[PDB]
Amino acid sequence: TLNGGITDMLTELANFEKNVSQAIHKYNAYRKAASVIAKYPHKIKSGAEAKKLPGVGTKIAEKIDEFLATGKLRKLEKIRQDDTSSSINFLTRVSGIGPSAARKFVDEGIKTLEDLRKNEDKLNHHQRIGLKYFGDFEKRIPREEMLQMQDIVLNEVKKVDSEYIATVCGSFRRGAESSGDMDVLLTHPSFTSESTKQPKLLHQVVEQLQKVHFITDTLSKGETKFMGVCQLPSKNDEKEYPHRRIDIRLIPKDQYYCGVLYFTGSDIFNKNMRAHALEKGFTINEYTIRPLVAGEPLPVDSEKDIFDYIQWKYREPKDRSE
DNA sequence: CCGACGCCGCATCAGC
DNA sequence: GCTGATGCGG
DNA sequence: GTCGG
Ligand SMILES: Nc1ccn([C@H]2C[C@H](O)[C@@H](COP(=O)(O)OP(=O)(O)OP(=O)(O)O)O2)c(=O)n1
Ligand SMILES: [Ca+2]
Ligand SMILES: [Ca+2]
């Protein structure tokens, strides 16, 4: 939080470019600026000092200059004043509603939560779930709760089949005190890059998590990715825990280290590493690291090996929260 | 100046 | 039905 | 919006 106001300002410009303008690359630009400024270990004294970092260029320089002078950003004060921009922005905070649906909705008269509550009629299933739990999903999850959740997921996965390994990734594996949601990497002997020895491997686990009422809703569900809704059980008389987003990814077992690297993130860490891969002549996805169009996967025994390939020192999870 | 901006699963759509 | 594009979120 | 070449 040394430059919290600067990174906040850049975050919300990024939000605006993603949601309103539908300018995915200006969203990445702004969020890369924000990232590199968030780990800079001095209080930024000027836009000139700021432009010295990679990803801060001329235009963000001038806006950093404006913001320290005055403590605000005209471009943003007027983006907050526009009734249409501020409502499309709000709609995208509903899970399942993005920049396209958000804009379409306001074009139909729909711009408040109340309008959504009246017109669940007009929402696909995901967006209905996103609405249903809109306030819960706005909440963060304390690491203590994450721990209870992980003890449930892992104990229930062991009951299905003992050869399953479940790993919780995301911000939790990076050691954050609070997570936005839960992310579970699953492996099983029967599923490698080479064959799929059994069906329903993901199904069986979700099924069991539904049986004991841990999983409450399904946003989407395929062979290898599950995105749904879970909730901790609560004791007699107590208020109910908030419902929480959960993602399970079944990754072939010999590609664990590429899966856990992907899934540990952060998003911006993933993007910078894969874009640095591209400069060393590689491409990393969540299954393989292949040389460069892609050739054959190179052998991977550990997360560090992926780092060793693109000529990076190893970075423990805790240090990947960019 | 200018390409090129990380990589992908699932849902949905239009075209067939 | 598929295939590819598009949307969305990981 | 930024940047390397
Ligand atoms: N655009 C994205 C989004 C996510 N991920 C990867 C890295 C993330 O860490 C992981 C999980 O997505 P999350 O949104 O849950 O990211 P976090 O766990 O880091 O943040 P939060 O504490 O909000 O849950 O998937 C990615 O590679 N690219
Ligand atoms: Ca998460
Ligand atoms: Ca997640």
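These numbers come from the heavy atoms of this one structure, side chains and all, not from hydrogens, waters or symmetry mates. In what follows, every chain begins at residue 1, and chains take the letters A, B, ... in the order their sequences are listed.
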Quiz item: Which part of the nucleic acid does A:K59 contact within heavy-atom distance under 4.0 Å: base, sugar-phosphate only, or nothing?
Solution: sugar-phosphate
Exercise. State whether the distance check finds a donor on one side and an acceptor on the other, under 3.5 Å, for side chain A:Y262 versus base C:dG10.
Key: yes
Quiz prompt | Rounded interatomic separation in angstrom, taking CZ from A:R31 and P from D:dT2 | solution = 17 Å
Practice problem: Answer yes if the ring centres of A:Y40 and A:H42 are under 6.0 angstrom apart, and no otherwise. | Solution: yes
Quiz prompt | Closest nucleotide among C:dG10, B:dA11, B:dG9 to the A:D247 side chain | solution = C:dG10
Self-check item: Nearest to side-chain heavy atoms of A:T224, which nucleotide of C:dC8, B:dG9, D:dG1
Solution: B:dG9
Quiz item: B:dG9 base to A:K225 side chain: any donor-acceptor pair below 3.5 Å?
Solution: yes
Practice problem: Without swapping roles, check the side chain of A:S162 against the backbone of A:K158 for a donor-acceptor pair under 3.5 Å. | Solution: no
Quiz prompt | side chain to side chain contact (heavy atoms under 4.5 Å, CB included), paired with A:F172, selected from A:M146, A:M149, A:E177 | solution = A:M146
Quiz item: Does the side-chain ring of A:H126 sit on the six-membered ring of the C:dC8 base, less than 5.5 Å centre to centre and under 30° in tilt?
Solution: no
Exercise. Describe the nucleic acid contact of A:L53 in one word from base, sugar-phosphate, nothing, applying a heavy-atom distance below 4.0 Å.
Key: sugar-phosphate
Quiz prompt | Nucleotide C:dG7, atom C1' - distance to CG of A:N19 in whole Å | solution = 13 Å
Exercise. Would you mind telling me which of D:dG1, B:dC8, B:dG6 lies closest to the side-chain atoms of A:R274?
Key: B:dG6
Quiz item: Quick one: A:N28 CG to B:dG6 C1', roughly how many Å, whole number?
Solution: 9 Å
Practice problem: For D:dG4 versus B:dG6, give the span between their P atoms, rounded off to a whole number of Å. | Solution: 14 Å
Quiz prompt | Separation of atom CG in A:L10 from atom P in D:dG1, rounded to whole Å | solution = 12 Å
Quiz item: So which nucleotide from B:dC7, B:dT12, B:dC8 ends up closest to the side chain of A:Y287?
Solution: B:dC8
Quiz prompt | Nearest to side-chain heavy atoms of A:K26, which nucleotide of C:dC8, B:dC8, D:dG1 | solution = D:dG1
Quiz prompt | Whole-Å distance separating the CD1 atom of A:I37 from the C1' atom of D:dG1 | solution = 13 Å
Quiz item: Are the side chains of A:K225 and A:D247 in touch, meaning some heavy atoms are under 4.5 Å apart?
Solution: no
Quiz item: Just curious, D:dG1 north or south if you read off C1'-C2'-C3'-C4'?
Solution: south
Quiz item: Out of B:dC8, D:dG1, C:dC8, which nucleotide sits closest to the side chain of A:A101?
Solution: C:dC8
Quiz item: How about A:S171 and A:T264: do any of their side-chain heavy atoms sit closer than 4.5 Å?
Solution: no
Quiz item: Of the nucleotides D:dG1, C:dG9, C:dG7, which has the atom closest to the A:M227 side chain?
Solution: C:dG9
Exercise. Spell out, as yes or no, whether a donor-acceptor pair under 3.5 Å connects the side chain of A:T1 to the backbone of A:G4.
Key: no
Quiz item: B:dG6 P sits how many Å from A:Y309 OH, rounded?
Solution: 23 Å
Quiz item: In whole angstrom, what separates A:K104's NZ from C:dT6's P?
Solution: 17 Å
Quiz prompt | A:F16 CZ - D:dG1 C1' separation (whole Å) | solution = 13 Å
